[PDB]
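Colleague:
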Amino acid sequence: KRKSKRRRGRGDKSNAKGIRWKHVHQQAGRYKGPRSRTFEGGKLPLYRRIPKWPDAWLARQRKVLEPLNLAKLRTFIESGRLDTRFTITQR
Amino acid sequence: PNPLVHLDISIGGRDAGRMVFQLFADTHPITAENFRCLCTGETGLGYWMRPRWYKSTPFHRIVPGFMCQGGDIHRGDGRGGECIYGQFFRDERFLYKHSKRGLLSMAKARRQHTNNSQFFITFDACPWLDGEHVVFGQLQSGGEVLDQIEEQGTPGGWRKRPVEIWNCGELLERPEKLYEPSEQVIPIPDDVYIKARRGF
Amino acid sequence: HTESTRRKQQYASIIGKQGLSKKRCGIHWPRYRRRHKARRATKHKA
Amino acid sequence: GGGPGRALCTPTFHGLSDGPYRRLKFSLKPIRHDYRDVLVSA
Amino acid sequence: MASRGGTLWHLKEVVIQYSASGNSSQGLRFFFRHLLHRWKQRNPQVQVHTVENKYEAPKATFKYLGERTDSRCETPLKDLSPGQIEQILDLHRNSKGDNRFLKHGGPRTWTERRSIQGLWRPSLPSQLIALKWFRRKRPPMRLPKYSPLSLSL
Amino acid sequence: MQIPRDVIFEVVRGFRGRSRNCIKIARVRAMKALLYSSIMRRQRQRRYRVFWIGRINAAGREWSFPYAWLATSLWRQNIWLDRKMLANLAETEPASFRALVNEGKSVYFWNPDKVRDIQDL
Amino acid sequence: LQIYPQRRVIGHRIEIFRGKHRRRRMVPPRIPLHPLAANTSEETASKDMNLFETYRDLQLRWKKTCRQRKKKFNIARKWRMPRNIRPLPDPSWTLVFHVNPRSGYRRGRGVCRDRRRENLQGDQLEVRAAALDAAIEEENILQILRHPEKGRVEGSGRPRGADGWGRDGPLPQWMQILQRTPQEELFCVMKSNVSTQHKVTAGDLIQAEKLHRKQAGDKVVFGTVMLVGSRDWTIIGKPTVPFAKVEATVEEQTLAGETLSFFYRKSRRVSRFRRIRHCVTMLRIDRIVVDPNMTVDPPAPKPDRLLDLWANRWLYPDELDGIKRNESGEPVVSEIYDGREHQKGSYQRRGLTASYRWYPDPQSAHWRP
Amino acid sequence: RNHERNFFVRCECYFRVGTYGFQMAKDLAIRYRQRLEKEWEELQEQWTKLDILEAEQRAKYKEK
Amino acid sequence: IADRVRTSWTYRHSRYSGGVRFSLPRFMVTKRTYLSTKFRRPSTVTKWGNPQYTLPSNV
RNA sequence: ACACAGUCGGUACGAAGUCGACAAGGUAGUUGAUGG
RNA sequence: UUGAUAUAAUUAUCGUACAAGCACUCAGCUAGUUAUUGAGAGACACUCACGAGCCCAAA
RNA sequence: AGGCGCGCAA
RNA sequence: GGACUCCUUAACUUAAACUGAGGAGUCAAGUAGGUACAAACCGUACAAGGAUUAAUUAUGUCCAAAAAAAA
RNA sequence: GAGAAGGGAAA
RNA sequence: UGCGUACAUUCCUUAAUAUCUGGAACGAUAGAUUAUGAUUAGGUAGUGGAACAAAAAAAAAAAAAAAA
Numbered sequence: 366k367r368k369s370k371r372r373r374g375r376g377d378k379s380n381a382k383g384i385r386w387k388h389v390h391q392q393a394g395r396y397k398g399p400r401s402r403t404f405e406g407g408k409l410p411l412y413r414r415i416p417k418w419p420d421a422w423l424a425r426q427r428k429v430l431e432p433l434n435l436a437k438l439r440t441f442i443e444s445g446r447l448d449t450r451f452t453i454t455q456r
Numbered sequence: 055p056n057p058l059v060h061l062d063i064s065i066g067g068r069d070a071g072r073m074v075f076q077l078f079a080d081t082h083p084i085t086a087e088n089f090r091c092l093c094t095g096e097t098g099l100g101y102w103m104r105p106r107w108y109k110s111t112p113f114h115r116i117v118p119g120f121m122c123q124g125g126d127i128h129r130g131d132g133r134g135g136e137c138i139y140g141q142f143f144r145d146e147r148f149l150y151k152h153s154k155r156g157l158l159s160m161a162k163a164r165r166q167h168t169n170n171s172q173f174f175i176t177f178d179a180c181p182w183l184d185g186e187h188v189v190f191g192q193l194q195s196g197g198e199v200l201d202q203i204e205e206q207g208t209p210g211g212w213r214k215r216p217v218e219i220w221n222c223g224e225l226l256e257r258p259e260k261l262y263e264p265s266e267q268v269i270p271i272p273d274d275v276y277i278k279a280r281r282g283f
Numbered sequence: 001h002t003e004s005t006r007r008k009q010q011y012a013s014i015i016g017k018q019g020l021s022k023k024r025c026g027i028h029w030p031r032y033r034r035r036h037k038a039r040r041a042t043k044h045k046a
Numbered sequence: 010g011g012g013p014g015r016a017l018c019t020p021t022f023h024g025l026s027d028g029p030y031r032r033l034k035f036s037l038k039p040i041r042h043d044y045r046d047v048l049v050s051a
Numbered sequence: 001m002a003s004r005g006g007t008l009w010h011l012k013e014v015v016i017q018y019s020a021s022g023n024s025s026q027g028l029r030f031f032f033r034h035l036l037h038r039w040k041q042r043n044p045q046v047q048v049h050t051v052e053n054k055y056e057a058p059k060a061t062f063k064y065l066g067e068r069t070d071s072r073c074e075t076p077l078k079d080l081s082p083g084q085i086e087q088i089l090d091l092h093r094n095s096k097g098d099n100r101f102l103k104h105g106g107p108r109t110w111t112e113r114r115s116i117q118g119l120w121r122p123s124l125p126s127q128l129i130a131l132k133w134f135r136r137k138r139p140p141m142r143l144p145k146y147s148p149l150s151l152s153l
Numbered sequence: 001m002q003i004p005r006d007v008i009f010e011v012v013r014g015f016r017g018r019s020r021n022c023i024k025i026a027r028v029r030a031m032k033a034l035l036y037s038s039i040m041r042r043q044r045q046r047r048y049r050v051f052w053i054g055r056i057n058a059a060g061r062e063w064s065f066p067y068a069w070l071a072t073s074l075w076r077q078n079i080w081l082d083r084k085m086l087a088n089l090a091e092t093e094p095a096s097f098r099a100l101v102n103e104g105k106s107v108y109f110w111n112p113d114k115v116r117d118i119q120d121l
Numbered sequence: 278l279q280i281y282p283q284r285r286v287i288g289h290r291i292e293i294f295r296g297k298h299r300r301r302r303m304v305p306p307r308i309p310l311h312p313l314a315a316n317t318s319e320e321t322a323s324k325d326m327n328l329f330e331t332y333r334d335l336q337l338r339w340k341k342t343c344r345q346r347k348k349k350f351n352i353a354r355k356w357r358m359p360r361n362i363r364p365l366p367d368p369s370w371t372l373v374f375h376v377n378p379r380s381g382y383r384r385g386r387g388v389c390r391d392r393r394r395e396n397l398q399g400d401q402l403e404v405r406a440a441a442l443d444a445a446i447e448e449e450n451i452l453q454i455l456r457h458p459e460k461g462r463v464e465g466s467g468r469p470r471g472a473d474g475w476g477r478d479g480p481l482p483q484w485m486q487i488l489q490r491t492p493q494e495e496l497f498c499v500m501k502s503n504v505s506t507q508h509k510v511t512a513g514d515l516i517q518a519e520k521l522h523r524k525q526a527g528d529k530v531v532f533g534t535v536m537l538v539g540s541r542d543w544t545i546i547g548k549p550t551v552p553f554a555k556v557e558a559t560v561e562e563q564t565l566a567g568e569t570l571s572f573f574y575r576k577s578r579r580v581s582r583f584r585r586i587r588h589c590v591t592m593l594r595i596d597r598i599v600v601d602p603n604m605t606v607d608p609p610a611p612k613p614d615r616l617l618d619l620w621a622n623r624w625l626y627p628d629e630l631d632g633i634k635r636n637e638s639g640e641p642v643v644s645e646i647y648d649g650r651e652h653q654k655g656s657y658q659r660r661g662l663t664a665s666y667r668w669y670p671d672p673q674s675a676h677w678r679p
Numbered sequence: 341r342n343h344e345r346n347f348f349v350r351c352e353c354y355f356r357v358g359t360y361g362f363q364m365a366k367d368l369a370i371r372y373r374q375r376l377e378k379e380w381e382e383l384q385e386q387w388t389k390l391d392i393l394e395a396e397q398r399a400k401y402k403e404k
Numbered sequence: 011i012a013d014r015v016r017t018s019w020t021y022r023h024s025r026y027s028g029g030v031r032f033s034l035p036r037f038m039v040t041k042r043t044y045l046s047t048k049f050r051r052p053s054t055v056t057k058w059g060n061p062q063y064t065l066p067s068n069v
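Which chain is which? The protein sequence lines are Ai, Xp, XJ, XC, AB, Am, An, Xz and XE, in order. Numbering-wise (the deposited numbering), the first sequence opens with residue 366 and increments by one. Those letters in the second sequence? Residues 55 to 226, 256 to 283, by the deposited numbering. Numbering-wise (the deposited numbering), the third sequence opens with residue 1 and increments by one. Numbering-wise (the deposited numbering), the fourth sequence opens with residue 10 and increments by one. Numbering-wise (the deposited numbering), the fifth sequence opens with residue 1 and increments by one. Numbering-wise (the deposited numbering), the sixth sequence opens with residue 1 and increments by one. Those letters in the seventh sequence? Residues 278 to 406, 440 to 679, by the deposited numbering. Numbering-wise (the deposited numbering), the eighth sequence opens with residue 341 and increments by one. Numbering-wise (the deposited numbering), the ninth sequence opens with residue 11 and increments by one.
Next up, the structure:
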């Protein structure tokens, strides 16, 4: 069985999400509060409380090599995906 | 051995005398314990904070040739009573029939499993009560007292003179059987339920 | 609403009868014709 | 609303059985002009 | 539908309209194949007619005896199973009608004889008993009351 | 809607004025009508019971046996006819009701062990 | 600052229970707990270690924010005070004669009114102190109306062996007059259900709760009779009349008319609407059988098939013809299982008993709450 | 569940330890189930026989 | 559909959800226009639905 | 309509006949229970 | 007719209020739309496919 | 072309 | 950043359906009964649904209004 | 016999 | 020494979807519905499950009993 649609404002007995709390106890306007992703009140956002971490965002910028596990290499060798009689290369 | 319990009966302010009853603790442990504890008063105060005791309790119903009912420790009129385990306790076993005069059994309300402090003593055989009331004991001495109690009854249940238990306690053949008991498979022993109730 | 209920009741009354005519069907004539074409569709090449 | 009385202690008349002559109205039939013809009142 | 000791049967006719092609009449056609003949054999007093209508919803019309205005009933049989159709048929076979006017409750006893000993009526003794209050009583004063002076004497 | 529109218009049949055909008013009137029915159908049992009780009391007082004594006597005698049956017997079977009253009296009016004759002393 | 617990009680001992107020489980536990602990071992075992209190429990007690929702546990309300009416007396019945010999009351077509004047005069007087066979019966009723006390009989509501329904010794031989009373002069009170009573004569139509697995035209017997009466006598059962039954025929197994149930509360968006049709059984009363020599109903029968007991319908005779039988005629499967009813009242519910009996009745056997 | 014969069976039988006894109730329940199985087999055989008879009747009717 | 809603872990799959059960009293009421009997009861039917006679038994 | 106008119930044929019908009647198809 | 019985509805509100706001009545119009884009994070979020693999843009 | 994931055991 | 009853309190004129705290009960979001009449008191084996059976809850027993005073 | 302090009126 | 009074999952008919009601059971060509199984089913805000909403489209509206 699929999911039934839950359109709002189609009677009091419908199991759609309610509208009364939204009308009465929620801030009016498009954004229901300040237009932001960081606002938590008058207090500072968590990220602004915490100090900056240059190492964290330089690690992401570091160019990295593709990891390969010797267990995976062994499995491929056993199944025959690579030939051990010749030098196994990146290609 | 089986407990022996005494009830001292006064008829209209006169000390009628003492009746002794043997309780069937071997076959009816729960009911016999309830009656013995109500006779001795050891369990103390109850739900309404009155003693769980038969002392100073009336026989509120007497039908000659049929039976006398008493044991209402709350009102003395038939709408009260309580057992030592709570308000009511489960019917234990219909092992014995009401086959003779002087048998003790438990009174009940309309609903099933309404055994409480209220009991009755048979004045004769009551075969129509078998399978509906629990017989748990029998008189051993006090037949004259029982006869005097019977003398105060009316067909409607009214008593000519008040009949009361002015003293009661403990002192420190059997009726016919409704069936023959036999050994049963009991996978879970008795103590396990109690330990579970306490949470093991 | 009332108009939709009335239209649905009339359509239920007429749509199940074969051989009706345009004057009998009124505003439901194209729907009735399409319904009969669909019902015939099964007879093609038997 | 409620009052000094009891709301549910006001008896209502009703029939404890049913029957076919509940609604049979009374109407006057024609009456004899000659009760002298009957022997008891001859 | 029985009365007069099971000699009058109120359900007289049943007319079943069905489609020979529609899938919503699959249960009805199954009933025709497997169960209809047995039902007719067990209920010989009911006339069962089957009418084919290709593009109409299946239904059953029940006609009873009498002119109480509750003797005509119609019930759609769309998408019902053979067992459900049989259940409806048994309901109507056991009814005297669609029972618009049958009420649950009430006195629950319809009779031609209210009373076998006669109704209660006021009588002279009863109407005299109704005036008991006006008779005089004899106050039971019990023992006499004595004065302190008399008791001291 | 709280009640279907067709049911509303069927229930408001026989009402006064616009309540018959205007949905806005018919809805309110039908809501009230069915709510009254719901409450009174639950309430009517005891209103019938008091009627039975009064009828039985009058019938017993006709024989000088009020309802209280009659009820105690029957219940003690193991006669468990209900109030509706007793009222029906009172209003339609007077001889049987009188027999019931006599049986009740036979149990209620018990006699003491010793009776005293003091008419000439 | 400390809140000191209240020790003495005002009323009854407190009792806590789970969930909101409602009708809930009431049967006392199979094995109870003795209030007194006889040993130190019992006293130590009494502790429930799942309730071991800790500072975390204290913090939950003292928290400033919202605590546990209050509707999860509540205080049990005060006990009730049921009347202990049992044991009830030995079931029995009484027959009393009230024959009225006045010509104004013995009119054939029946006076619309009872003779209350005769009732009262006779009460005061008593307080203050085939043709030839029919004539003999008339003589018997004449003797009884002269001396109504000679016709008073008290008997047992339960079988007494060779005595039948008599308290001491067999019933009087003259009690056969009760059989000759016409159905148009008989009425009785009978139960069509566990707690429904009807006053019925012959020819009545009674509505009862659905009798399971019955169809129009079936014959049924109601055995629970509490009062029987004619114009000459009345039998009152204490609580039932053993030697009376009511024959009836099912005329309908139907649904009553439509009923609307609507409830609502204003300004709370609370309302419920529902259409209902209720199952009923209409029964025509055929006759009221009264017979002092009536025999006790036979025990419940042993069906030849158990599947029907749990099927949607009874098996038709064509299907029943395929029952394997023993040489003695009994079905082969009877050896595997006799067919005795597993409980009380199952066969009566299915309609396989000699008659429908409910509970005022010494002869009934079924479950009660 | 037999739709062709309109026969639906659901047994919900209980053999109570309080009424009979643990072991005796177990034995009676086992016997009950065995009897139900036997009756079901016999009913299946009877239904096959009746079906063959019905086919014979229909063929005889079509003969006319 | 089944005799009742199944809540155990074995049946917590959308394949077991939905459906309608059949009950005759509910079927006889659903999808039927409601018709009151207020101004439609025959004079030959009592308000409890039983026979009612319009004339005295003597013609 | 006393009524937010509704809800639950809601009349019990005939003798309206008459060539009628145990113990007394003073013959009324009338009457029996009741001294301080 | 007579007996009993009942303080329209809706919204906000601690508050079941025609001294609170809207509405003569009725017809039609009239308000939770959509992730080729997001997701199941102790207040609830299903379901198929392949599987140490899985998907395949522009063209 | 590209994207995600790729045991921490043996 | 709720209302009222109860217990214990601070403020008030030992005032207020006043203000402010700590705990239980109802209302809020819980009908039908009692308490004379529109939440907060009493009582409920609290309202899925139907029905002309039954029960000692609060609380009553001269009438309005159901319910005792034989000889 | 009581805010019986809804009306009547009771020992 | 009594009685009145509110409460029935006593009877009959339905319902249970945030992984624990027997059911991990009995059936199985697609679940017929539990007969003394249990818990039970007042409800605002919030959350969740189910049944409708008579239409349109689709290349599946005749292998169907008896009658015609």
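By construction, the Cβ of each residue, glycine as well, lies at the ideal position given by its N, Cα and C atoms.
Identify whether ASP596 of chain An lies in helix, strand or coil by the three-state DSSP scheme.
Modeller: strand
Colleague: Using 8 Å as the limit for Cβ to Cβ distance, is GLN166 of chain Xp near chain Xz?
Modeller: no
Colleague: Report the residue from XE:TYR63, XE:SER67, XE:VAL69, XE:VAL15 whose alpha carbon sits nearest the alpha carbon of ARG68 of chain AB.
Modeller: The residue with the shortest Cα to Cα distance from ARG68 of chain AB is XE:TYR63.
Colleague: Opposite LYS34 of chain XC in the DSSP bridges: which residues?
Modeller: DSSP, once it has assigned bridges, lists no residue as partnering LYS34 of chain XC.
Colleague: Please specify which runs of the beta strand (DSSP E), each continuous and at least 3 residues long, are wholly inside the segment 110–176 of chain Xp, giving them in chain order.
Modeller: 115–117, 121–124, 157–160, 173–176
Colleague: How many whole angstroms separate the CB atoms of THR534 of chain An and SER674 of chain An, which I take to be in contact at a CB cut-off of 8 Å?
Modeller: 7 Å
Colleague: Per DSSP, what kind of secondary structure is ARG390 of chain An in: helix, strand or coil?
Modeller: strand
Colleague: Where does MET500 of chain An land, buried or exposed, given buried means 16+ other C-beta within 10 angstroms?
Modeller: buried
Colleague: One question on the structure: do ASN346 of chain Xz and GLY83 of chain AB come within less than 8 Å of each other, judged by their Cβ atoms?
Modeller: yes
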